[PDB]
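The data below hold one chain only, encoded as structure tokens and taken in the form deposited in one PDB entry.
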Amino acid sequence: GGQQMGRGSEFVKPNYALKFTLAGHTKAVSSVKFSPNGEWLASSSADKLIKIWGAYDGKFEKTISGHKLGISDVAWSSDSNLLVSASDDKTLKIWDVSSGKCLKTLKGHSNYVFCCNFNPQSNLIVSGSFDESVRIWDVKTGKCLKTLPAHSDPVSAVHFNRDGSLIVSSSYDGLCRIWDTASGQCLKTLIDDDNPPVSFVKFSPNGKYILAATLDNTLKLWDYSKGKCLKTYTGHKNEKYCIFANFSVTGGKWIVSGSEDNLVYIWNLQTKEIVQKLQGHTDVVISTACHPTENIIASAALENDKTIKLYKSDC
């Protein structure tokens, strides 16, 4: 499965090894993200709480609480100062990380808010809901700027591209959708011949590629500009849950994903080969994240497991 990097690294395979296990959530873990400054890891969970731990030592930092029901997603401001969380209480919350204080509640969705990100400028927040819409919010006012009639089933994931000019969305209706932030227009619908529910989507770090997970045990690399699926990733288990997935780019080029067999899967991006399967979880691995500068994976498992795990690699 070796990958070609530079001279004398013709055969790079990653070697992630579990370093820390992070414990405290009293229910299913839902989302874990590294802060852009790589100093912190935020997690959300069905226990209604968001926790902050050290990205390198995994030591517990704090509890941020306020949501009246469970939490499906969490996202950092571009300066690592603010959090946005998405909840079963139909709202999102904006948090100052230093004080742990709720800055804004974002009210307007009529159902569970499943997913959230800030744009790179971090003046804007996108969210997907069980209400079947995608919403665009002003970070500094709480105003819903736009409601997009995005899909015809709950909205699984949303994300902003490199300059924040586009939003990618996915849903259970079998659709990945690209919207113009400025205009609220649908610019692309991406779909292959089959139409399985779309459990996840994210733009690659340079905006040129999209990574979609579908509930037929598959991840796909799409070229956005062309509507062309380019690479497919299989071998793992994804038929029920909306698992987070990732480009790993600090080392070799990998695709990292949780799987429903309790493993973290990692693949050669180029050749699609499975290069590593990571053990330690005892329930479905629902979320994974990749550290901004170190070869560090954060994993998080479901209700029978309740733990976050941090693995470390040399590439």
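Note that residue numbering begins at 1 and tracks the sequence as displayed.
Omitted here: the form solved in complex with a partner chain. The next part is about that form.
Engineer: So in the deposited complex, is its partner chain close enough to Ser156 to count as touching (4.5 Å, heavy atoms)?
Structural biologist: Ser156 belongs to the contact set for its partner chain.
Engineer: Does any heavy atom of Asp138 come within 4.5 Å of a heavy atom of its partner chain in the deposited complex?
Structural biologist: No, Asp138 sits far enough from its partner chain in the deposited complex that none of its heavy atoms falls within 4.5 Å.
Engineer: According to a 4.5 angstroms non-hydrogen atom cut-off, is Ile167 in contact with its partner chain in the deposited complex?
Structural biologist: No, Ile167 stays farther than 4.5 Å from its partner chain in the deposited complex.
Engineer: Using a 4.5 Å heavy atom cut-off, state whether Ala28 contacts its partner chain in the deposited complex.
Structural biologist: Yes.
Engineer: Could you check which residue among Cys115, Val134, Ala212, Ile125 gets a heavy atom within 4.5 Å of its partner chain in the deposited complex?
Structural biologist: By the 4.5 Å criterion, the partner-contacting residue is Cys115.
Engineer: Which of these residues, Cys242, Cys176, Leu92, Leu83, gets a heavy atom within 4.5 Å of its partner chain in the deposited complex?
Structural biologist: It is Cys242.
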